[PDB]
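This report concerns only the one structure given below.
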Amino acid sequence: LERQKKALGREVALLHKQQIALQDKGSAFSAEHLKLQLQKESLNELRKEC
Amino acid sequence: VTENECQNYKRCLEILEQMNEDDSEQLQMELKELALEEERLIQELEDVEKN
């Protein structure tokens with residue numbers, strides 16, 4: 001029982017770490033996509049001017 | 001050698017004579033307690049495995 005409990009604790013810690021990492025990665029991805037959208041709009045405007 | 005062994009056996013019979021016989025009721029109580037402990041430990045182990 002004691003050895004299994006130790007293993008459980010280690011697994012729980014690792015899962016928590018991974019979940020937080022996933023959340024951060026998703027937020028960064030959304031921000032990057034929004035930036036790309038705005039950049040393409042600006043590029044279209046510059047094309048008109050040229 | 002034979003007399004020495006006889007004396008050793010006398011000593012061992014003395015040490016046995018000093019002893020008594022244990023009660024069955026207390027042993028039964030301990031057995032029931034151990035059974036309950038084993039059952040609860042099994043349940044805990046299954047819960048840990050599922051987690």
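Chain labels follow the order of the structure tokens: the first chain is A, the next B, and so on; residue numbering restarts at 1 in every chain, and ligands are counted from 1 in their shown order.
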Inset, instruction - With a cut-off of 8 Å and counting only C-alpha atoms, select all residues of chain B in contact with chain A and give the selection as a list in words. - result: residues 41, 44, 45, 48, 49 and 51 of chain B
Keeping only N, CA and C atoms, write the selected residues to a file as a compact mmCIF listing (two decimals), in the first residue's frame.
# COMPACT_ATOMS: atom_id res chain seq x y z
N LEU B 41 -7.43 -2.96 4.54
CA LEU B 41 -6.25 -2.75 3.71
C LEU B 41 -6.53 -3.12 2.26
N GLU B 44 -8.51 -0.32 0.71
CA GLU B 44 -7.65 0.83 0.45
C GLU B 44 -6.78 0.59 -0.78
N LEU B 45 -6.23 -0.62 -0.92
CA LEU B 45 -5.39 -0.92 -2.06
C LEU B 45 -6.17 -0.83 -3.37
N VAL B 48 -6.65 2.80 -4.23
CA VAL B 48 -5.41 3.40 -4.74
C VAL B 48 -5.18 2.98 -6.18
N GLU B 49 -5.42 1.71 -6.49
CA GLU B 49 -5.25 1.24 -7.87
C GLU B 49 -6.16 2.00 -8.82
N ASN B 51 -7.47 4.98 -8.43
CA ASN B 51 -7.01 6.36 -8.55
C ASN B 51 -5.82 6.46 -9.50
Inset, instruction - Have a look at atom CA of residue A:24 and atom CA of residue A:6 and let me know their distance in Å, one decimal. - result: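 If I compute the distance from atom CA of residue A:24 to atom CA of residue A:6, I get 28.0 Å.
In this model, the gap between atom CA of residue A:3 and atom CA of residue B:38 comes to 16.9 Å.
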